[PDB]
Every structure is written in structure tokens, then in C-alpha cells.
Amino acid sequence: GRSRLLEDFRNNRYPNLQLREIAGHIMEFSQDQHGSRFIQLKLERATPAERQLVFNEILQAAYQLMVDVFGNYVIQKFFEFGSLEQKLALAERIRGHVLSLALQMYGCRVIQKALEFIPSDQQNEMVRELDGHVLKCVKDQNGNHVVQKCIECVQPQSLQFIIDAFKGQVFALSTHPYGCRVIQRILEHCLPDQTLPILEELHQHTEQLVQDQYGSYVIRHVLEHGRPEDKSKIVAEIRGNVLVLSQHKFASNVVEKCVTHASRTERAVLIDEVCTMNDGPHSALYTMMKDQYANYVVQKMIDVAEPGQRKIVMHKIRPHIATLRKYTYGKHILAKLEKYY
């Protein structure tokens, strides 16, 4: 049951209702779809005084609002465009509920918004609360975004305990749908004193990751953003095994990236691989050009190839226009000869 005021506001009997005019009914309006939207909108127009009028009523039951399907937007509003005193007050209502919040559907949205806007000191304080709950957090549909949020906003040295828990896990986590999301963030924001052990666990698993639904994602991330030496390491593993990884669903994609991102020289050595090396009757190319995955790799290959190497690959392909005609996964490889007709 809602106060007669809230209802009346629902029917739209207040076209110019003001913030002041709702005093004593914040909490109620904040837990209401439209009441919530109304407050949100108003806040922006509101003076510091007006704003504080709202802050007082919500501060008292902040916890409630933070886990509320509608309330949490109101709290987030204060974390962004709000006084430093207010943010600290809210940060303070967080003390001791971080984890439960982080695993919570609306709570986690507030934690994230808080992480972005509150000072380092309250930041680190929040982070701590996750100690010994990292993995549980990482594997949480809610918790994971929070974790990703720390890694990007928080000081990397307040993060060691994270790394610490990832030891002996990197592989398990890179094959997790939420876990691989955290690994990846970590590769972008963390210190070499921390990313050294991760890239290490990863290489020692390359062959497995490259065929994992999620493992490949991590791999592609390194091929696309990592250090040249860490790329080459990956590039070393794909060599000799190009034909097989290409008809695979997930390694297919990784192979394209090795291509797309390898040194000019590596890219020559891989392109040669499918032309020189053999698969029974014809070359690997003959086999790939008609596959449902490898046909993409051929394509990518033609695109990056140096004019010099483009010719052969083409030369090698031309002799089989007869088969590719009769193959759907190869109708693009056909037209591609246009580029080279």
C-alpha cells in the first residue's frame, strides 16, 4: 500500500510537483519506478540545498535503497554528481556489506558506481572487504563486474591479493565465462609484477586455451594488445598446426589473429605453412578453402598477405575453381579472386 500522495503522482495529478513537495516521502518514491525517475531527473535541476533535503531521508535507509530494483539509481545519482561529504557518508554505509552488495543484483551496480567516484582511500577500504572472497566474486554473475570494476579504477598495488588468489587458477578462470572477463581486465590494468605470473600460466596452456570457448578470448586479447614477445610465443605454438586449428570452431578465430597481428615475417611463415605443407592429395589450402571455419582463415590470409605472397596463395587456389564452385563455405573465397582477376 502506497501513500495517497504516491498514487496521486502515479495518475499524474501533479504536473509540476516539486522536490520540496515530497519531503517525508523520499524512500517511498525511490522504491517506485516513476517516483524514482522523478527524483533522478529533479536532482539534476536541484540546488545544493534541495539535494541535501533528499540526501538526509535516503542516508537513513541507504542499505535498503542500494539493493532496490528502483532505489539503486537514486543512490548512484549521489555517487556521481554529489558533494564529497555525501559520497563519504554513503561510502560509510558500505563498510561491511561490500561483498553481500557485490553479489547482489542492484547492490553491485552501486558498488561499481561508487568505485568510480569515491577517493582512493575509501576505494581501497572497499576492495579489502573482498579479501578471501575473490574467486567467489569472480565466478558471480553480479560479482564479476564488480571485480572488473576494481581492476580498472583501483590502484594495482591494492590488488595484489587478487593476483595472489589467481595463482594455480589462471587456466580454470580463463575457461570460465565470467573468469575470462576478469583475467582480461587484469592484463590491461595490472603491473608487470603481477601480469608476469599470469602470462606465464597462460603460455603453459596455450594449446588448451586456443580451443576453449572462452580460453581463445584471452588468447586473442594478447595477440591484440600484448607484448610482441608474448605474441611470438603464441605464434610459435600455432605453427605446424595451422590446418587443424583452422577447421576448429574457436582456434579458427585465434589463427586469424596470429595472422592479423604477427610480425610481417611470422605472417609469411604461417601463410607459407598452408601452401607448402600437405594434406594427402592436395595442399592444406584445398582442404581449408572448403571448410566451414578454415575458409575464414584463408580469407583473412589473402587480405594481409604481401602482394608477393598473395600471388602464390592465389596461384595455388586457382587450379581448383572446379570444387569451390560446389562449396558454400567457399563462395566468398571464389569472388575473392576478383580482387585478383
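Position 1 is the first residue in the sequence shown; the rest follow in order.
Between 111 to 119 and 262 to 270, the higher mean Cα B-factor belongs to 262 to 270. Higher mean CA temperature factor between 92 to 100 and 192 to 200: 192 to 200, per the PDB entry. Across the residues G71, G179, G143, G240, the deposited record lists the maximum Cα B factor for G240. Looking at the C-alpha B-factors along this chain, the one for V170 belongs to the middle third. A23: CA B factor in the lowest third of modelled residues in this chain (values from the PDB entry).
For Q160, the recorded CA temperature factor ranks within the middle third of the chain's modelled residues.
In the deposited entry, the Cα temperature factor of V154 places it in the highest third of its chain's modelled residues. Ranked by C-alpha B-factor against the other modelled residues of its chain, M288 falls in the middle third.
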